[PDB]
Amino acid sequence: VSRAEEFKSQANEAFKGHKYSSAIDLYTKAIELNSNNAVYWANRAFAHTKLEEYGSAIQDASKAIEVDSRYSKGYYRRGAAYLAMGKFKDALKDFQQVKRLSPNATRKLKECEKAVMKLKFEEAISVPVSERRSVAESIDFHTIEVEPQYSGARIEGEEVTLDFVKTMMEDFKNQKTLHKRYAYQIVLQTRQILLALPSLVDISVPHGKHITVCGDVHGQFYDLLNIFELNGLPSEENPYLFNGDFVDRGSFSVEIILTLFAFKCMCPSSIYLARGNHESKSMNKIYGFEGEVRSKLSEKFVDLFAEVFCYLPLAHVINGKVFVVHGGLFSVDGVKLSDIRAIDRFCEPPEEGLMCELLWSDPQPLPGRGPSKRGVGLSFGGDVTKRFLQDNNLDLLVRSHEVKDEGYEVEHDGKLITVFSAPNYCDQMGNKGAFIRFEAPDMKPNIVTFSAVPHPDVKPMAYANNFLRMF
Ligand code: NI
Ligand code: NI
Ligand code: NI
């Protein structure tokens, strides 16, 4: 009856081969047979963590703790999962246990205590963005002088031009920087454009025209350039929809966000940007974007980006047929397009509600609903998808949010497609990226996959929270 070690050994094989999803299924089999081995639970917990399924990680690690309360790896894996969710206070308790069980661990406890104190200050000065003055009230780019020695791209007048964007993109490619005057100009103009948008944007693709939908890119700027090489620069004749999560994790997030915003300023109809869960303060604070901004720009840009992100639309509908959202659907039925359109989105994502769910949820293979693997939002089956599409007279749901081996996956009887545009995610997943072309009137999804492309020697998470980097 020692078939548990059988699956357990085959599971560890998948983990070595970066096949975390297959590793999980095999650990599950080992657990089905022997549910009284704490390392089996810790193993599956770590595997979920690799897929960013921190909710499942916490549950698995809690079970390892139940099996052996003096097994420090149980607390370690749970604490690490809590850290990844930004929940330092919950994590602290577990690292306090790891310390108690291993007195000779000291580093990580002190780091966690330190992180909790930083968090305490941060929460104390936390104020809803709608109650604060925009930095656009204190900053006018016109008054920002550019030194003669600056050799980067310049915006000569009030208009962002294609020549400028090309020059800027090339400089970024060569790891150069854009002057703060022009960065302000781009972001401040983007703010104006975004605040005039409804929370759900209707995209019209005229007869004979097309649009390309990209999933997460996560600061992988050189892969972004590769997408543009393969599929053309954004333009009125070649529009793009980037479905959230343009920043964090990858270490060229500033280069990506300034590029995407610049295209919007150049021609608003050339590019559509939806909010992802990583376009929020709680994620940017720890996953690299704030650190990258503070380094490559200045502190004032942090609050400005935060505000601009809060103006990002939550969903798009293409020709009344294709519904595009970052995460997924809702824990309740009957939600109409009008409900999403009316969402007061000018805020950080709350811990519950429509806005949270559409940004954070994932689909499940079986019908119904259940607890989220990430520990935030919920999971929804094919029945949830079909009812939503039917109720709103839609044909197809496109979303992102989840890393895929081939850059995409068709689920829920063909009614849901995940698209993910960050190849070799974090320089380790080895996955392909994908994007989807839609040509009117048929609007049939044309899926194209691509592979990762070289980039300068900068590590992922280089600008991210130091404590979180240790994991
Ligand atoms: Ni996401
Ligand atoms: Ni993501
Ligand atoms: Ni994510």
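Its PDB header attributes the entry to X-ray crystallography and lists the resolution as 2.1030 Å.

The protein chain is annotated in the PDB entry as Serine/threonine-protein phosphatase 5 of Arabidopsis thaliana. The title given to this PDB entry is "Crystal structure of a type 5 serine/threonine protein phosphatase from Arabidopsis thaliana". Of the comments in the UniProt record for the protein chain, the one headed Function reads "Isoform 2 dephosphorylates phosphorylated phytochromes, with a preference toward Pfr forms, and enhances phytochrome-mediated photoresponses, probably by enhancing their stability and their binding affinity for light signal transducers such as NDPK2. Can use para-nitrophenylphosphate (pNPP) as substrate." Taken from UniProt, the Sequence similarities comment for the protein chain reads in full: "Belongs to the PPP phosphatase family. PP-5 (PP-T) subfamily."

Asker: Before we go on, may I ask you to explain the domain arrangement of the protein chain in this structure?
Answerer: Often the size quoted for an interface is simply the accessible area lost on bringing the parts together. According to the domain assignment, the protein chain contains domain 1 (1–123) and domain 2 (124–471). Counting the surface lost from both domain 1 and domain 2, the interface buries some 2,100 Å², and carbon and sulfur atoms represent 58% of this. For the pair domain 1 and domain 2, the number of links is three salt bridges. Here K373 ties to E53 by a salt bridge, and the two come within 4.0 Å at their closest N and O atoms. Inspection of the domain 1/domain 2 interface yields 18 residue pairs in polar contact. Those elements giving two or more residues to the side of domain 1 that touches domain 2 turn out to be α4 (54–67), α5 (72–84), α6 (88–101) and α7 (106–124). For the side of domain 1 that touches domain 2, the per-class residue count stands at 13 nonpolar, four polar and nine charged.

Asker: How should I be thinking about the UniProt feature "active site" in the protein chain in this particular structure?
Answerer: UniProt's entry tags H278 with the feature "active site", counted in the numbering of this structure. By the secondary structure assignment, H278 is in the loop between β4 (271–274) and α12 (281–287). With relative accessibility at 3%, the residue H278 sits in the buried group.

Asker: Just to check I follow, could you spell out α5 for this structure?
Answerer: Owing to its 3.6 residues per turn, the α-helix brings residues three or four apart onto one side. Helix length check: α5 (13 residues) gives 18 Å between terminal C-alpha atoms against 18 Å at 1.5 Å per residue, within 8%. In terms of burial, α5 is largely enclosed, as 12 of its 13 residues are buried. Among the residues of α5, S72, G74, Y75, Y76, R77, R78, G79, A80, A81, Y82, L83 and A84 are the ones counted as buried. Structurally, α5 contributes buried residues whose contacts are with α3 (38–50), α4, α6, α7, α12 and α18 (466–469). Once α5 ends, the next one or two residues include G86, with phi positive near 80 degrees.

Asker: For this particular structure, what's the right way to read the packing of helix α11 (residues 253–266) against helix α14 (residues 299–309)?
Answerer: Relative orientation and spacing of two packed helices are given, respectively, by the angle between their axes and the distance between those axes. Taken N-terminus to C-terminus, the directions of α11 and α14 make an angle of 55 degrees; their axes are 14 Å apart at the nearest point. In this view, α11 runs oblique relative to α14, as classed from their interaxial angle. With respect to the hand of their crossing, α11 and α14 are arranged in left-handed fashion. Contacts from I257, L258 and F261 of α11 reach α14 at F305, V308 and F309. For the contact of α11 with α14, a count of residues per class yields six nonpolar, no polar and no charged.

Asker: Looking at this structure, I do not really get unusual backbone geometry. What am I missing?
Answerer: It is generally the case that most residues other than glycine have a negative phi and that most peptide bonds are trans. For the bond running from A440 to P441, omega is 5 degrees, close enough to zero to count as cis. Following the sequence through the fold, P441 ends up in the loop between β13 (433–439) and β14 (445–450). The residue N424 is not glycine, and still its phi comes out positive at about 45 degrees. Its location among the elements puts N424 in the loop between β12 (416–419) and β13. Residue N424 is classed as partly exposed on the basis of its relative accessible area of 23%.

Asker: It is not clear to me how the coordination of the nickel ion (ligand 1) should be interpreted in this structure. Could you clarify?
Answerer: Here the nickel ion (ligand 1) is held by the protein donor atoms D245 (OD), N277 (OD1), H326 (NE2) and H401 (ND1), which lie 2.5 to 2.7 Å from it. Coordination at the nickel ion (ligand 1) comes from four donor atoms whose angles at the metal span 77 to 176 degrees, giving a geometry best classed as irregular. For the nickel ion (ligand 1), all donor residues lie on one chain, and their spacing in sequence is D-x31-N-x48-H-x74-H.

Asker: Explain the pairing of strand β11 (residues 408–411) to me, please; I cannot follow it from the model alone.
Answerer: For a regular strand, side-chain orientation follows a simple rule: the groups alternate between the two sheet faces. Bridge count for β11 against β12 is four bridges, and the pairing is antiparallel. Its bridge partner lying in β12, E409 is registered against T418. Here β11 folds back onto β12 in antiparallel fashion, the turn holding four residues, of which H412 has a positive phi close to 55 degrees.

Asker: Can you walk me through the UniProt feature "binding site: Mn(2+) 2" in the protein chain in this structure?
Answerer: Taking the numbering used here, the UniProt-annotated feature "binding site: Mn(2+) 2" corresponds to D245, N277, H326 and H401. Separation in sequence by 157 residues is not matched in space for these annotated residues, since their most distant C-alpha atoms are only 8.4 Å apart. Apart from residues lying up to four places away in sequence, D245 is in contact with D216, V217, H218, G276, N277, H278, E279 and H326. Among the polar contacts made by the side chain of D245, one reaches the main-chain amide nitrogen of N277 at a distance of 3.2 Å. If near-sequence neighbours (up to four positions away) are discounted, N277 is found in contact with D245, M283, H326, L359, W360 and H401.

Asker: Could you clarify how one ought to interpret the sheet that holds β14 in this entry?
Answerer: Sheet strands pair by backbone hydrogen bonding; their relative direction is either parallel or antiparallel. Ordered in space as β4-β3-β2-β13-β14, the five strands form an open sheet in which the pairing is mixed. Either end of the sheet is taken by a strand with one partner, and the two such strands are β4 and β14. For this sheet the average axis-to-axis angle between neighbouring strands, irrespective of direction, equals 20 degrees. Where helix α10 (residues 221–231) meets the sheet, its contacts fall on β2 (210–214), β3 (240–243), β13 and β14, and the angle it forms with β3 comes to roughly 150 degrees. Across the sheet, α11 is in contact with β3 and β4; its angle to β4 comes to roughly 130 degrees.

Asker: Would you take a moment to explain the nonpolar core for this structure?
Answerer: A general tendency of soluble globular proteins is for nonpolar side chains to be buried together. Among the nonpolar cores identified, the biggest contains 60 residues, and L178, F242, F246 and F305 are the most heavily contacted of them. At the level of elements, α8 (162–173), α9 (180–195), α10, β3, α11, β4, α13 (289–296) and α14 are the ones that each hand at least two residues to this core. With nine residues, the top contributor of residues to this core is α11. Here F242 is in contact with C214, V217, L224, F228, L260, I271, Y272, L273 and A274, once residues within four sequence places are set aside. The next biggest cluster of nonpolar side chains, apart from the first, holds 54 residues, and it includes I65, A115, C356 and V384.

Here is what the cut-offs are and how they apply
Residues numbered from 1 in each chain as written, not as in the entry; some residues may be left out. Chains lettered and ligands numbered in written order. Heavy atoms only, no water. Residues with missing side-chain atoms left out of burial classes, pairs and counts. UniProt positions renumbered as here; feature names shortened; annotations may be inferred. Domains from an automatic or database assignment. Buried area = accessible area lost by both parts, 1.4 Å probe. Salt bridge = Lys/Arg side-chain N within 4 Å of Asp/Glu carboxyl O. Polar contact = N/O pair within 3.5 Å; in protein donor to acceptor, adjacent residues only side chain to side chain. Helix = DSSP H or I, 4+ residues; strand = E, 2+ residues; numbered from the N terminus. Nonpolar A, V, L, I, M, F, W, Y, C, P; charged D, E, K, R; others polar. Buried < 20%, exposed > 50% of the residue type's maximum accessible area, 1.4 Å probe, protein only. Expected span 1.5 Å × (residues − 1). Contact = heavy atoms within 4.5 Å. Axes fitted to C-alpha atoms, helices over the stretch in contact; angles between N-to-C directions. Parallel < 35°, antiparallel > 145°, perpendicular 65-115°, else oblique. Left-handed = near helix turned anticlockwise from the far one by under 90°. Donors = N, O, S within 2.8 Å, 3.2 Å for Na, K, Ca; no water. Tetrahedral: all angles 85-135°; square planar, octahedral: opposite > 155°, others 65-115°. Pairing = 2+ DSSP bridges. Core = buried A, V, L, I, M, F, W, Y, C linked by side-chain atoms within 4.5 Å.

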